[PDB]
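Here's a solo chain for you in structure tokens, the form deposited in one PDB entry.
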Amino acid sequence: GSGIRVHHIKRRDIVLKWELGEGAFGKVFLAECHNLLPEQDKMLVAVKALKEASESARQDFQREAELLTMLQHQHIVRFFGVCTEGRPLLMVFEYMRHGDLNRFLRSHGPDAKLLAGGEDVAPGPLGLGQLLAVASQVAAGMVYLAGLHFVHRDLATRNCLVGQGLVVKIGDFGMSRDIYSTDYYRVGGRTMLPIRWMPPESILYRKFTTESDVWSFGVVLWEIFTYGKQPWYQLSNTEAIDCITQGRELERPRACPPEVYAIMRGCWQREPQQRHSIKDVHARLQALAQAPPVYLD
């Protein structure tokens, strides 16, 4: 009985257009939703399918739907509601035209193998003030979630989305999409963690706290200032564990001013208690975004 009213959607108002992608045993479609909300009579959305419909996965779904319904913020991808009328079970979010932040970073790389346009952003390397803008918006999401003592255990550019005008929001939480993803380390069976993003207290004592998140967010900045590079890409899953645990730190990115590296280094304090409040990290990134310091070669 007692719970959050989750907006349910008729299958007739949902027209699947094509696969955007496929992960977490749940394909993601572009689709058109008719009369979802009165402002637009027909409107574009992303939709998460479910590959399995077992009663211990329909439970996963109701929790996710409930939790998603409450977690409403500027920098968290709008959730419109679900659809259980037919089968496969559907979840419906706003469409983010630039897809996941990690791809988007790699495609505004210098290393980028081809040029990617769009009407709302220059091709080629992004303005430091934009890089910071991105960071700033992820930090605004993280702050909200810390607000509700929510802990995202997989903070990474891969789990963020980029929309019209370079709006950046948090887009995924649980149920890791790519099962053959190289960022995740297989520890049991059906148990994989994004080691490279994880702080020592998490690899060692398997403890995850808003501080663990802050740590993880420092790596997100690193990813953001490397146009989506995999942290410790030269190393192996065990080598990275060694590095993190020994206390080795990620090098400064070439593109990365020392004022930001500084922020990163305060996210990576070995003492969880000695890591900067996310709120303070957000503040400084917002400030820096407002007046981007100059920095060459």
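Here, rigid core means the biggest group of C-alpha atoms that superpose within 1.5 Å across both forms. Numbers follow the displayed sequence, beginning with 1.
The same protein also exists as the form deposited in another entry; that form is not shown, yet it is the one meant from here on.
Once the two forms are fitted on their rigid core, between this form and the one not shown the CA displacement reaches 2 Å or more only for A24 among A24, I14, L20, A289.
Residue displacement note: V151 has its CA displaced by under 2 Å between this form and the one not shown (rigid core superposed). Pairwise change in the other form: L114 and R252 C-alpha atoms lie closer than in the shown form, at least 3 Å. Put simply, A24 and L67 spread apart in the other form: their C-alpha atoms are 3 Å or more farther than in the form shown.
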